[PDB]
Structures are given as structure tokens and as C-alpha cells.
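Novice: Input file: target-v5.cif. Contents: mmCIF, C-alpha atoms.
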```cif
data_model
loop_
_atom_site.label_atom_id
_atom_site.label_comp_id
_atom_site.auth_asym_id
_atom_site.auth_seq_id
_atom_site.Cartn_x
_atom_site.Cartn_y
_atom_site.Cartn_z
CA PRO M 74 -106.57 -85.41 -60.74
CA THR M 75 -104.23 -87.65 -58.78
CA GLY M 76 -103.58 -85.08 -56.07
CA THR M 77 -107.01 -84.48 -54.54
CA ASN M 78 -108.68 -85.29 -51.23
CA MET M 79 -111.80 -87.44 -51.67
CA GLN M 80 -113.79 -88.03 -48.48
CA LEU M 81 -116.87 -90.07 -49.37
CA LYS M 82 -119.69 -91.22 -47.10
CA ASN M 83 -122.12 -93.15 -49.36
CA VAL M 84 -119.67 -95.65 -50.90
CA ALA M 85 -118.43 -98.91 -49.37
CA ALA M 86 -115.91 -101.37 -50.80
CA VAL M 87 -117.43 -104.85 -50.63
CA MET M 88 -116.60 -108.46 -51.44
CA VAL M 89 -119.21 -110.48 -53.35
CA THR M 90 -119.52 -114.26 -53.05
CA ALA M 91 -121.67 -116.55 -55.18
CA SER M 92 -122.24 -120.20 -56.03
CA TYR M 93 -121.87 -121.51 -59.56
CA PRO M 94 -124.64 -124.12 -59.95
CA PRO M 95 -124.35 -127.43 -61.80
CA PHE M 96 -124.94 -127.19 -65.56
CA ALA M 97 -125.10 -123.40 -65.38
CA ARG M 98 -125.99 -121.62 -68.62
CA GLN M 99 -125.31 -118.04 -69.67
CA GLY M 100 -128.26 -115.75 -69.05
CA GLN M 101 -129.27 -117.50 -65.82
CA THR M 102 -129.38 -115.59 -62.54
CA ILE M 103 -127.99 -116.57 -59.14
CA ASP M 104 -128.05 -115.11 -55.64
CA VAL M 105 -125.02 -113.31 -54.24
CA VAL M 106 -123.79 -112.33 -50.78
CA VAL M 107 -122.29 -108.87 -50.26
CA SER M 108 -119.97 -108.28 -47.29
CA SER M 109 -118.26 -105.05 -46.27
CA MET M 110 -114.46 -105.10 -46.09
CA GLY M 111 -113.32 -102.14 -43.98
CA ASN M 112 -114.69 -99.72 -41.35
CA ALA M 113 -118.11 -99.39 -42.98
CA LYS M 114 -121.10 -98.96 -40.69
CA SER M 115 -124.08 -100.30 -42.67
CA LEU M 116 -125.17 -101.39 -46.17
CA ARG M 117 -128.94 -101.03 -45.44
CA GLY M 118 -130.11 -99.37 -48.68
CA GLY M 119 -127.11 -99.83 -50.91
CA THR M 120 -126.79 -100.88 -54.54
CA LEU M 121 -124.08 -103.17 -55.89
CA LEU M 122 -122.46 -101.89 -59.08
CA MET M 123 -121.12 -104.06 -61.91
CA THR M 124 -119.01 -106.76 -60.26
CA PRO M 125 -117.24 -109.56 -62.17
CA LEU M 126 -117.31 -112.83 -60.22
CA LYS M 127 -114.09 -114.78 -60.76
CA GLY M 128 -113.49 -118.48 -60.25
CA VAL M 129 -110.50 -120.24 -58.76
CA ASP M 130 -108.84 -119.98 -62.19
CA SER M 131 -109.32 -116.17 -62.09
CA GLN M 132 -111.82 -116.18 -64.96
CA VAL M 133 -115.10 -114.25 -65.02
CA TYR M 134 -118.07 -116.61 -64.73
CA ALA M 135 -120.80 -114.14 -63.72
CA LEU M 136 -121.58 -110.44 -63.43
CA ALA M 137 -123.24 -109.09 -60.29
CA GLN M 138 -125.39 -105.97 -59.96
CA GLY M 139 -128.50 -105.31 -57.89
CA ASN M 140 -130.02 -103.97 -54.70
CA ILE M 141 -129.00 -105.38 -51.32
CA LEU M 142 -131.55 -106.64 -48.79
CA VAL M 143 -130.39 -106.20 -45.18
CA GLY M 144 -132.53 -107.39 -42.27
CA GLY M 145 -132.20 -104.37 -39.99
CA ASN Q 59 -116.24 -102.63 -79.92
CA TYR Q 60 -113.19 -102.89 -77.65
CA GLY Q 61 -114.47 -105.91 -75.74
CA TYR Q 62 -115.15 -106.35 -72.05
CA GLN Q 63 -113.51 -103.76 -69.79
CA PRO Q 64 -113.45 -104.16 -65.99
CA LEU Q 65 -114.92 -101.26 -64.03
CA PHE Q 66 -113.04 -101.22 -60.71
CA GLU Q 67 -109.84 -103.02 -61.75
CA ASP Q 68 -106.71 -100.93 -62.23
CA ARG Q 69 -105.92 -100.13 -65.86
CA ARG Q 70 -103.28 -102.66 -66.91
CA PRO Q 71 -101.92 -103.70 -70.31
CA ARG Q 72 -103.60 -106.95 -71.31
CA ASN Q 73 -103.23 -107.39 -75.07
CA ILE Q 74 -100.77 -106.70 -77.88
CA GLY Q 75 -100.55 -102.97 -78.57
CA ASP Q 76 -101.34 -101.83 -75.03
CA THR Q 77 -99.08 -99.20 -73.48
CA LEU Q 78 -97.24 -99.24 -70.15
CA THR Q 79 -95.09 -96.68 -68.35
CA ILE Q 80 -91.59 -97.79 -67.30
CA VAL Q 81 -89.84 -95.66 -64.69
CA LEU Q 82 -86.16 -96.25 -65.41
CA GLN Q 83 -84.39 -96.14 -62.04
CA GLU Q 84 -81.13 -98.11 -62.05
CA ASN Q 85 -78.43 -97.79 -59.38
CA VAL Q 86 -75.76 -100.51 -59.42
CA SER Q 87 -72.40 -100.27 -57.65
CA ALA Q 88 -69.86 -103.05 -57.05
CA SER Q 89 -66.34 -102.84 -55.65
CA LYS Q 90 -63.52 -105.12 -54.55
CA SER Q 91 -60.00 -104.62 -53.21
CA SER Q 92 -57.23 -106.71 -51.70
CA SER Q 93 -53.59 -106.52 -50.68
CA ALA Q 94 -50.78 -108.64 -49.26
CA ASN Q 95 -47.36 -107.92 -47.79
CA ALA Q 96 -44.39 -109.70 -46.25
CA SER Q 97 -41.21 -108.41 -44.65
CA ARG Q 98 -38.07 -109.89 -43.12
CA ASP Q 99 -35.10 -108.09 -41.56
CA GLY Q 100 -32.09 -109.79 -40.01
CA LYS Q 101 -28.90 -108.38 -38.50
CA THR Q 102 -26.14 -110.33 -36.77
CA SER Q 103 -22.71 -109.39 -35.46
CA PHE Q 104 -19.89 -110.61 -33.24
CA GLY Q 105 -16.69 -108.80 -32.34
CA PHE Q 106 -13.72 -109.46 -30.05
CA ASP Q 107 -12.29 -106.02 -29.28
CA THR Q 108 -9.72 -107.28 -26.75
CA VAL Q 109 -8.69 -110.95 -26.87
CA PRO Q 110 -6.95 -112.49 -23.83
CA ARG Q 111 -3.76 -114.41 -24.50
CA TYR Q 112 -5.17 -117.89 -23.82
CA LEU Q 113 -7.92 -117.15 -26.38
CA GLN Q 114 -5.64 -115.59 -29.01
CA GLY Q 115 -5.24 -118.73 -31.12
CA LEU Q 116 -9.03 -119.06 -31.28
#
```
Using C-alpha cells, write down the structure that the file contains.
Specialist:
Amino acid sequence: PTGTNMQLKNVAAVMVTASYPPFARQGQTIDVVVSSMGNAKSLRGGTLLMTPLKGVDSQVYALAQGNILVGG
Amino acid sequence: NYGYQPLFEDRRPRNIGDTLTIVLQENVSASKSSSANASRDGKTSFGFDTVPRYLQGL
């Protein structure tokens, strides 16, 4: 319901950046960088949910999902 | 199959047949007014109640 107080602690909003390689083909996998956006403390053992990676033309060129590796 | 559907993006109409809620809130008000006026009053008088003799002919 729209009127409800949700105070989460295990969820962080993140921005995902990636590089589209030359001659990229569908089904191929690429590395991504995940960066927190606001007042989050750590992303040490987090998991990235389904994220569509848009280009400059605002079209989906890849889908991102996996486990983050943070140095610590 | 309804095709690809974004997970975190806000639900927006994208194709023909999709629905959208319009909140009709119109409040338009225009007004104009003007006026003009002009007035002119003029009074003039001259009277010789008692005329001396040397001025009588005039």
C-alpha cells in the first residue's frame, strides 16, 4: 500500500557501469562496476539484481546480475 | 508472452493499448478593464454696476 513506512537496512540503490566491447555478440558476458549512490555504508556481501544496461541512445544492450566482490 | 518488462523502472505506458491516469486540474482566469474621462468647465463674467460719466459712452 502507498501509505506505509518502509525502513530497510539490507538494500542499497546502486549505479552499474559497463563497457560494450568491439564486435559484441548476444550471450557474451562482460564485467561491471557497481557504485553506491546515497548514504550507504558498505556493499561487502551484496548481490546485484536484474539491471538493464542502457547506451547513450537509451537502449538496453546488456543485463547485469551477480555477486559483488569488494576488497575489504 | 508480454515481452521484456523492466524491474525497477516506474510503470509507464509504452505501447498502444496501455492505460494512464490523467488528473484533470484546470484553473484559468483572465481579466481586463480600462476607462477614460475628460472634463472642461469655463465661466466668465464682467459687469459695470456704476459707470462714471467719462466712461458712460464706453
Novice: Check which residues of chain Q sit at most 9 Å from chain M using only C-alpha atoms, and return one row each with the closest pair of atoms and their distance in Å to one decimal, ordered by chain and rising number, as a tab-separated table.
Specialist:
```
residue	atom	partner	partner_atom	distance
Q:64	CA	M:125	CA	7.6
Q:65	CA	M:123	CA	7.1
Q:66	CA	M:124	CA	8.2
```
Novice: Apply the PyMOL selection byres ((chain M and resi 108) around 6) to the displayed file and report the matching residues as a ChimeraX atom specification.
Specialist: /M:87-88,107,109
Novice: So how many Å separate CA of residue 103 in chain M and CA of residue 62 in chain Q, to one decimal?
Specialist: 20.9 Å
Novice: Grab the CA of residue 141 in chain M to CA of residue 85 in chain M distance for me, in Å with one decimal place.
Specialist: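 One can read the CA of residue 141 in chain M to CA of residue 85 in chain M distance as 12.5 Å.
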Novice: What is the CA of residue 67 in chain Q-CA of residue 133 in chain M distance in Å, reported with one decimal?
Specialist: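 CA of residue 67 in chain Q sits 12.8 Å away from CA of residue 133 in chain M.
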Novice: Give me the result of the PyMOL selection byres ((chain M and resi 79-84) around 9) on this file, residue by residue, as a compact mmCIF listing (two decimals) with C-alpha atoms, in the frame of the given file.
Specialist:
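out.txt, written as the output of this step:
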```txt
# COMPACT_ATOMS: atom_id res chain seq x y z
CA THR M 77 -107.01 -84.48 -54.54
CA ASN M 78 -108.68 -85.29 -51.23
CA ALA M 85 -118.43 -98.91 -49.37
CA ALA M 86 -115.91 -101.37 -50.80
CA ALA M 113 -118.11 -99.39 -42.98
CA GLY M 119 -127.11 -99.83 -50.91
```
Novice: Mind telling me what the PyMOL selection byres ((chain M and resi 91-102) around 10) catches here, as a list in words?
Specialist: residues 89, 90, 103, 104, 105, 106, 107, 126, 127, 128, 134, 135, 136 and 137 of chain M
Novice: Around all the atoms of range 61-80 of chain Q listed in the file, with 8 Å of room on each side, what axis-aligned box do you get, giving centre and edge lengths in Å to one decimal, as lines of an AutoDock Vina configuration file?
Specialist:
```
center_x = -103.4
center_y = -102.0
center_z = -69.6
size_x = 39.6
size_y = 26.7
size_z = 33.9
```
Novice: Would you list the contacts of residue 121 in chain M as a list in words, taking every protein, DNA or RNA residue within 7 Å and counting all atoms listed in the file, but skipping same-chain residues closer than 4 positions in sequence?
Specialist: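 Within the cut-off, the hits are residues 138, 139 and 140 of chain M.
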Novice: Using all atoms listed in the file, which residue out of Q:102, Q:73, Q:114, Q:85 lies closest to residue 60 in chain Q?
Specialist: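 Comparing Q:102, Q:73, Q:114, Q:85 against residue 60 in chain Q, the winner is Q:73.
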